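Visitor: Quick one: the structure is below, and I'll ask about it shortly.
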Amino acid sequence: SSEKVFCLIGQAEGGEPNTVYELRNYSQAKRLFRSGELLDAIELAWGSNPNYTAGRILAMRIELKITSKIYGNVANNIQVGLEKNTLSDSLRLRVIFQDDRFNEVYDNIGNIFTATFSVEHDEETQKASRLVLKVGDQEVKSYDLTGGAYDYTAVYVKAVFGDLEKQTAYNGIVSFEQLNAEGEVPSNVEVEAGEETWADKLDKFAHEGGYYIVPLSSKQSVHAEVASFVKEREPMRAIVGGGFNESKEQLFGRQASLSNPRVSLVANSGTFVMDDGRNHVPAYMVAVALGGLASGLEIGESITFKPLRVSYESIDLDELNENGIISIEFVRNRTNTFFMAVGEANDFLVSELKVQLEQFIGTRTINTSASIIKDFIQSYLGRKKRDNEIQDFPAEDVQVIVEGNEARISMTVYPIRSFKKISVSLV
């Protein structure tokens with residue numbers, strides 16, 4: 001594939017407010033993250049201009065109302081329904097904060113109290129009475145919860161109580177017809193029958209799976225700190241970026257001061273793609289694009305998806321990695337990327353191998369377990385070889401002897417393009 005679930009943290013002009021969500025369409029990121037004005041732009045865009053050749057994208061917005069939404073606005077209309085039926089539609093959020101968190105709304109009750117009166121649910125309300133937002137406001141996430149209409153500036157008496165509360169008091173009759181003094185059919189059955197800032201990104205970054213984390217905005221300082229998460233947390237890899245003139249000097253300093261865990265493979269690069277939701281070209285910040293280039297290959301480097309410049313030759317391009325850095329050059333129209341790949345193979349393998357650990361719990365360890373596990377991993381490894389990726393391709397924790405111990409997976413694998421077998425041991 002070779003797996004490819006991205007992760008974006010940045011500003012966004014619509015909800016969800018401070019939450020992850022998976023994105024698989026443009027229209028679902030557009031839908032929720034309403035827009036992106038020019039700091040959030042690059043995050044809407046962030047979704048948009050890779051998702052053309054990318055799989056799944058995780059995004060994060062930086063900015064009785066049970067749950068203040070986010071990215072809502074002020075005259076976003078509210079609709080009060082009576083059992084999935086519109087009664088009032090002139091409600092409207094009336095106060096949000098900076099994040100669109102719904103602070104205040106105003107629902108006119110003319111219609112509803114009417115309907116409510118009309119159906120015995122006055123001012124009780126509540127149960128079938130619901131309130132939803134516009135479909136939709138810019139922003140999402142909200143939860144308005146409707147209570148009652150504030151009024152505080154063969155017959156039987158039925159007194160319903162809930163909680164000692166005489167919730168209801170009625171007199172009904174068991175006799176059809178019977179009415180109260182109002183000819184209100186108080187026949188029971190009927191009666192009832194009738195309704196009777198900078199820090200925030202670093203603070204933010206969280207558990208979620210994924211092989212690519214790019215916020216690109218940052219430009220240095222977020223990334224710089226973020227990289228030291230992308231590093232940390234063994235079967236994951238942290239990619240970083242900047243760009244470009246003074247930057248390349250800087251970058252060559254920055255990446256060497258320092259972000260090599262070799263599990264962390266960092267990078268060295270601001271796009272000029274035409275994102276067709278803003279049709280415009282600024283420094284959209286390249287990393288995102290490269291992420292979509294990442295989602296493909298064994299490890300990626302080839303043409304870029306739709307450049308109209310990438311922030312030129314030769315020396316600087318050749319120099320930059322050993323440090324993670326990647327830069328993109330144009331040869332007679334069309335781009336390629338130049339930049340012991342080997343790591344990814346290994347990292348991936350190692351990560352995958354470890355996960356298989358779940359299996360261990362499943363069974364006991366024996367010679368056979370050597371097999372089985374071995375076979376399983378082997379199958380995986382072999383597959384890698386067959387597909388290509390590993391060439392010239394196991395574990396015995398105990399020394400080769402009768403004696404054995406728990407199994408650790410040690411493997412000597414060789415990335416296809418490298419005449420070297422690396423020994424990795426996972427235990």
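By convention here, the chains of the structure tokens are called A, B, ... in the order presented, each chain's residues are numbered starting at 1, and ligands are numbered starting at 1 in the order presented.
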Excluding same-chain residues fewer than 2 positions from residue 129 (chain A), what lies within 12 Å of it counting only C-alpha atoms, as a ChimeraX atom specification?
Guide: /A:79-88,112-113,115-116,119,121-127,131-132,144-149
Visitor: Keeping C-alpha atoms for every residue in the selection just given, could you write it to a file as an mmCIF file, in the first residue's frame?
Guide:
data_model
loop_
_atom_site.group_PDB
_atom_site.id
_atom_site.type_symbol
_atom_site.label_atom_id
_atom_site.label_comp_id
_atom_site.auth_asym_id
_atom_site.auth_seq_id
_atom_site.Cartn_x
_atom_site.Cartn_y
_atom_site.Cartn_z
ATOM 1 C CA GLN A 79 -35.261 24.246 14.195
ATOM 2 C CA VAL A 80 -37.513 22.789 16.719
ATOM 3 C CA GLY A 81 -39.159 19.687 15.651
ATOM 4 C CA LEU A 82 -41.983 17.804 17.072
ATOM 5 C CA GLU A 83 -41.221 14.262 16.424
ATOM 6 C CA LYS A 84 -39.158 14.746 13.386
ATOM 7 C CA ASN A 85 -41.575 17.320 12.287
ATOM 8 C CA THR A 86 -40.819 20.921 11.879
ATOM 9 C CA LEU A 87 -42.627 23.294 14.092
ATOM 10 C CA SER A 88 -40.392 26.200 14.505
ATOM 11 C CA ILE A 112 -44.255 25.675 19.512
ATOM 12 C CA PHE A 113 -46.379 26.549 22.419
ATOM 13 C CA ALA A 115 -48.369 23.062 18.738
ATOM 14 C CA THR A 116 -47.647 22.129 22.254
ATOM 15 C CA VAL A 119 -51.080 18.329 21.804
ATOM 16 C CA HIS A 121 -47.600 18.839 25.777
ATOM 17 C CA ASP A 122 -47.759 22.233 27.229
ATOM 18 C CA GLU A 123 -45.661 23.259 28.821
ATOM 19 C CA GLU A 124 -44.317 19.918 29.662
ATOM 20 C CA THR A 125 -42.681 19.412 26.350
ATOM 21 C CA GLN A 126 -39.365 17.785 26.229
ATOM 22 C CA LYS A 127 -39.930 14.324 25.103
ATOM 23 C CA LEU A 131 -33.977 21.063 18.428
ATOM 24 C CA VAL A 132 -31.557 20.878 15.658
ATOM 25 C CA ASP A 144 -29.272 22.018 22.327
ATOM 26 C CA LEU A 145 -31.625 20.441 24.723
ATOM 27 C CA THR A 146 -35.152 21.505 25.083
ATOM 28 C CA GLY A 147 -37.006 21.736 28.268
ATOM 29 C CA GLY A 148 -40.352 23.146 28.988
ATOM 30 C CA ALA A 149 -42.011 26.346 28.179
#
Visitor: Give me, as a list in words, all polymer residues having an atom no more than 8 Å from region 304-311 of chain A, counting only C-alpha atoms and skipping those fewer than 6 positions away in the same chain.
Guide: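 Here the answer would be residues 243, 244, 270, 271, 272, 273, 274, 286, 289, 290, 293, 328, 329, 334, 335, 336 and 337 of chain A.
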Visitor: Give me a file of those residues, with N, CA and C atoms, as a PDB file, in the first residue's frame.
Guide:
ATOM      1  N   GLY A 243      10.788  25.846   4.936  1.00  0.00           N
ATOM      2  CA  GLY A 243      10.973  26.204   3.526  1.00  0.00           C
ATOM      3  C   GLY A 243      11.203  27.680   3.155  1.00  0.00           C
ATOM      4  N   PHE A 244      11.984  27.969   2.046  1.00  0.00           N
ATOM      5  CA  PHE A 244      13.222  27.281   1.714  1.00  0.00           C
ATOM      6  C   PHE A 244      14.579  27.995   1.753  1.00  0.00           C
ATOM      7  N   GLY A 270       7.194  25.085   0.151  1.00  0.00           N
ATOM      8  CA  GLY A 270       5.853  25.467   0.490  1.00  0.00           C
ATOM      9  C   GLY A 270       5.146  25.554  -0.809  1.00  0.00           C
ATOM     10  N   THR A 271       4.225  24.581  -1.051  1.00  0.00           N
ATOM     11  CA  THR A 271       3.481  24.323  -2.280  1.00  0.00           C
ATOM     12  C   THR A 271       2.905  25.523  -2.980  1.00  0.00           C
ATOM     13  N   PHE A 272       2.553  25.332  -4.272  1.00  0.00           N
ATOM     14  CA  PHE A 272       2.030  26.356  -5.135  1.00  0.00           C
ATOM     15  C   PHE A 272       1.009  25.689  -6.011  1.00  0.00           C
ATOM     16  N   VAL A 273       0.393  24.593  -5.505  1.00  0.00           N
ATOM     17  CA  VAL A 273      -0.692  23.878  -6.133  1.00  0.00           C
ATOM     18  C   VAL A 273      -1.911  24.755  -6.235  1.00  0.00           C
ATOM     19  N   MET A 274      -2.798  24.476  -7.215  1.00  0.00           N
ATOM     20  CA  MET A 274      -4.027  25.208  -7.356  1.00  0.00           C
ATOM     21  C   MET A 274      -5.106  24.428  -6.682  1.00  0.00           C
ATOM     22  N   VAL A 286       4.038  22.322   1.699  1.00  0.00           N
ATOM     23  CA  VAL A 286       4.189  21.226   0.764  1.00  0.00           C
ATOM     24  C   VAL A 286       3.908  19.892   1.350  1.00  0.00           C
ATOM     25  N   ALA A 289       1.118  17.550   0.595  1.00  0.00           N
ATOM     26  CA  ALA A 289       1.098  17.111  -0.769  1.00  0.00           C
ATOM     27  C   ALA A 289       1.950  15.902  -0.801  1.00  0.00           C
ATOM     28  N   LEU A 290       3.195  16.058  -0.311  1.00  0.00           N
ATOM     29  CA  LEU A 290       4.085  14.952  -0.087  1.00  0.00           C
ATOM     30  C   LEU A 290       3.474  13.829   0.711  1.00  0.00           C
ATOM     31  N   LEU A 293       1.685  11.960  -1.751  1.00  0.00           N
ATOM     32  CA  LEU A 293       2.724  11.189  -2.409  1.00  0.00           C
ATOM     33  C   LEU A 293       3.251  10.054  -1.551  1.00  0.00           C
ATOM     34  N   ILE A 328      12.236  19.115  -4.360  1.00  0.00           N
ATOM     35  CA  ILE A 328      11.541  18.732  -5.561  1.00  0.00           C
ATOM     36  C   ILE A 328      11.999  19.651  -6.649  1.00  0.00           C
ATOM     37  N   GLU A 329      12.343  19.069  -7.822  1.00  0.00           N
ATOM     38  CA  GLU A 329      12.926  19.768  -8.940  1.00  0.00           C
ATOM     39  C   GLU A 329      12.132  19.446 -10.164  1.00  0.00           C
ATOM     40  N   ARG A 334       7.051  18.816 -15.490  1.00  0.00           N
ATOM     41  CA  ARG A 334       6.976  17.695 -14.590  1.00  0.00           C
ATOM     42  C   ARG A 334       8.126  17.737 -13.637  1.00  0.00           C
ATOM     43  N   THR A 335       7.846  17.260 -12.424  1.00  0.00           N
ATOM     44  CA  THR A 335       8.688  17.292 -11.267  1.00  0.00           C
ATOM     45  C   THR A 335       9.252  15.939 -11.067  1.00  0.00           C
ATOM     46  N   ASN A 336      10.462  15.832 -10.486  1.00  0.00           N
ATOM     47  CA  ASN A 336      10.529  14.774  -9.507  1.00  0.00           C
ATOM     48  C   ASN A 336      11.281  15.219  -8.297  1.00  0.00           C
ATOM     49  N   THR A 337      11.029  14.445  -7.235  1.00  0.00           N
ATOM     50  CA  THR A 337      11.686  14.324  -5.974  1.00  0.00           C
ATOM     51  C   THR A 337      12.912  13.482  -6.125  1.00  0.00           C
TER      52      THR A 337
END
Visitor: Using DSSP on the backbone coordinates, identify the residues of region 302-412 of chain A assigned to alpha helix (DSSP H); present them as a PyMOL selection string.
Guide: chain A and resi 315-319+342-355+358-362+367-387
Visitor: In Å to one decimal, how far is CA of residue 416 (chain A) from CA of residue 375 (chain A)?
Guide: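 Interatomic distance here is 21.5 Å.
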Visitor: So what do you get for CA of residue 268 (chain A) versus CA of residue 389 (chain A), distance-wise?
Guide: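 Spanning CA of residue 268 (chain A) to CA of residue 389 (chain A) is a straight-line distance of 24.7 Å.
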Visitor: Between A:377, A:267, A:174, A:424, single out the one closest to residue 216 (chain A), counting only C-alpha atoms.
Guide: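 Between A:377, A:267, A:174, A:424, the residue approaching residue 216 (chain A) most closely is A:267.
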Visitor: For CA of residue 365 (chain A) and CA of residue 425 (chain A), quote the distance in Å rounded to one decimal.
Guide: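 Separating CA of residue 365 (chain A) from CA of residue 425 (chain A) is a distance of 17.8 Å.
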